[PDB]
């Protein structure tokens, strides 16, 4: 199969979660073919196949941080290649690392965040806490463990030099999915939207790849409302289990993690306005064809305000007040 999968597939309006979970591995392959990476770097196919599937299995099934997330982040990366040029901004090998990274970026996520790993004193906190980005270093570790499983090393044929460059890229890109990181380099991304991008400046390449990894990581918000609301549910279900476990542990979770304080409308708005929209504003400034994505997140930002009134109980819940 080539992108025979759906007519909208290369479109920003297409929703990869619509794709049956059983057909996602194959869709990965179809995107690597259409961007022409498999013939570029002459990837061994049965090897790549095994890799794809070790990646898929490397994900667990919490509400949001699961394989269909990873698939869907990957899909958006593909859409950036189709709809933005990117090749005039980044070396092909960087775009291919961006896509493989997308696939691998939340591997073996346990449905909880970095501070919780530290709070609960998990094995992952012991390993990585002192360097930061606990989960993201673990995600990167898992990719590496897969690449060094027999028959899964999709780069075993790369030049020593090219293989090294794939490891650095994947590492840096996976690391950049920590939203803490993004928020730290936001002023650096801003300098690269005032002074303009410099195709020869290596730090601009590095910074651009981070912007687009995030852009992919948050790409559920660029779809229609139906999707945005469903994904909100999945996210808070996941966050509220974390809050619950933290109370049990005798700690106060963040407002957004605590199901007795979380006001979903405010939290979504704030996320849309101050995290997600400025990300796609920077994407638009760097790429004019990225404008619709900004407009799509702003639509969704305005639509939560259109529906927040609904979170105040007017009338009776159910027809009962026994909940007081």
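Positions refer to the first chain, counted from 1. If you superpose the two forms and keep the largest set of C-alpha atoms that fall within 1.5 Å, you have the rigid core.
RMS Cα deviation from the shown model in 9 other deposited structures of this protein, rigid core fit, is larger for 191 to 199 than for the other stretch of the pair 191 to 199 / 69 to 77. Farther from the shown form on average, by C-alpha root mean square after a core fit in 9 other deposited structures of this protein, is 106 to 114, of the stretches 200 to 208 and 106 to 114. Counting the unmodelled positions of the deposited sequence between residue 3 and residue 4 gives a small gap of 1 to 3 residues. Stretches 273 to 281 and 295 to 303 differ in mean CA B factor, with 295 to 303 having the higher one. Comparing 84 to 92 with 228 to 236, the higher mean C-alpha B-factor in the PDB entry belongs to 84 to 92. Comparing the listed residues 286, 52, 267, 68, the entry records the largest Cα B-factor for 286. Across the residues 104, 192, 77, 135, the deposited record lists the maximum Cα B factor for 192. Per the deposited record, the Cα B-factor of residue 246 falls in the middle third when ranked against the other modelled residues of its chain. Ranked by Cα temperature factor within the chain, residue 73 sits in the lowest third according to the deposited record. Looking at the C-alpha B-factors along this chain, the one for residue 111 belongs to the lowest third. In this PDB entry, the Cα temperature factor of residue 156 sits in the middle third of its chain's modelled residues. Among all modelled residues in this chain, the alpha-carbon of residue 186 has a temperature factor (C-alpha) in the middle third.
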